[PDB]
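Just the one chain here, the form solved without this ligand, laid out as structure tokens.
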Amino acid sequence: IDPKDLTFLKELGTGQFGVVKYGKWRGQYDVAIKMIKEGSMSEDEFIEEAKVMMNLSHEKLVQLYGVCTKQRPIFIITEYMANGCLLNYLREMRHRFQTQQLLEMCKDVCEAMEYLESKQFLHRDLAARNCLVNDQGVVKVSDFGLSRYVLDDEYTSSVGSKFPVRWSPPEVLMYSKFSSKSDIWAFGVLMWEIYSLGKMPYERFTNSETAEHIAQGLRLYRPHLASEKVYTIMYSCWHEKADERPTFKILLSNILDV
């Protein structure tokens, strides 16, 4: 797909596969190049997923411009985000953050998650680490792709694994019950990450300890920067009964009038 030759300057780092560099595609589009390894991925494996992900377009989703559908480290080309990942942004030196802009971030993410919701597309791993910020301060969700879809009512996929845990519903922390409502739980933790200015969820807990506590009733406390209403919103995402959880559509409305 992507004409393998384009401008290239430095690199960025890593997300879910390998090294992501930087360059200019079509002499007008700034891009980040996601590299794999010619010993795992292939032009025949992701062709399906590539087309499907390109079906995902929204100003709040980091866009996949194209992929080098050939063989060797797959040179996938995405939207260059000048300010890096949200996690590093929140902790930014000069913490000049007002609740006004803090909420805007939750809004940018919610809009993106809202359209993914509508499009019936699960993110699987929603967290501030998987969100990028561009030169304008706009937060857009990325690291989606191998992120699941849905079918009759659920699935299984890779049996046995290590999930992020903190951003996961008690359902998944035990028998990996991923659903439309799984991303909802993680979105609340993300909101928490936002109002926490980068604070890692469940700090002072281990993964095994965090897992046991969520089931018993343990939840995230209100961050000093969040208002009572903002805490209500993020907390609606954590009902152990997935059915009682709101949609990104509702989550979007409530956020718009806080």
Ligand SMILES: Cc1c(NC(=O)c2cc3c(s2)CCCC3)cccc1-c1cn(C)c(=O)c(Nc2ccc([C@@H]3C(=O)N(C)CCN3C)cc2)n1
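Here, rigid core means the biggest group of C-alpha atoms that superpose within 1.5 Å across both forms. Counting begins at 1, following the sequence as shown. Residues that one form lacks are left out of the comparison.
This protein has a second form, the form solved in complex with this ligand, left out of what is shown; the following refers to that one.
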*Open site or blocked site for this ligand in this chain, with its pose taken in the deposited complex and fitted by superposition, and blocked meaning 3 or more ligand atoms within 2.4 Å of backbone or C-beta?*
blocked
*If we take heavy atoms and a 4.5 Å cut-off, which stretch out of 98-106, 166-174, 143-151, 184-192 is in contact with this ligand in the deposited complex?*
143-151
_Counting any non-hydrogen atom inside 4.5 Å, which residue from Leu220, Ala32, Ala226, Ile233 sits next to this ligand in the deposited complex?_
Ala32
*asked:* Each of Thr78, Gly84 and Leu132 having a non-hydrogen atom within 4.5 Å of this ligand in the deposited complex: is that the case here?
replied: yes
*At the 4.5 Å heavy atom threshold, is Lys241 in contact with this ligand in the deposited complex?*
no
*Verify the contact flag for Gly15: yes if a non-hydrogen atom of it lies within 4.5 Å of a non-hydrogen atom of this ligand in the deposited complex, no if not.*
yes
*Considering only heavy atoms, tell me if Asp125 and this ligand come within 4.5 Å of each other in the deposited complex.*
yes
_For the stretch 165-200, I need every residue with any heavy atom inside 4.5 Å of this ligand in the deposited complex, listed N to C._
none
_If you fit the rigid core and then compare C-alpha positions between this form and the one not shown, only one of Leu64, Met35, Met41, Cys68 moves by 2 Å or more. Name it._
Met41
*Core-aligned CA displacement of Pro164 at least 2 Å between this form and the one not shown*: no
*So with the core overlaid, does the Cα of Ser179 end up 2 Å or more away between this form and the one not shown?*
no
*Would you say whether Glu154 is displaced between this form and the one not shown, judging by a C-alpha shift of 2 Å or more on the superposed rigid core?*
yes
_Closer or farther in the deposited complex: C-alpha pair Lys107, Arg148 (3 angstroms or more)_ = farther
*Your call: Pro201 and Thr156 CA atoms, closer or farther in the deposited complex versus the shown structure, by 3 Å or more?*
closer
*Looking only at residues in both forms, which consecutive runs of at least three have C-alphas displaced 2 Å or more between this form and the one not shown after fitting the rigid core?*
1-5, 26-29, 37-47, 145-163
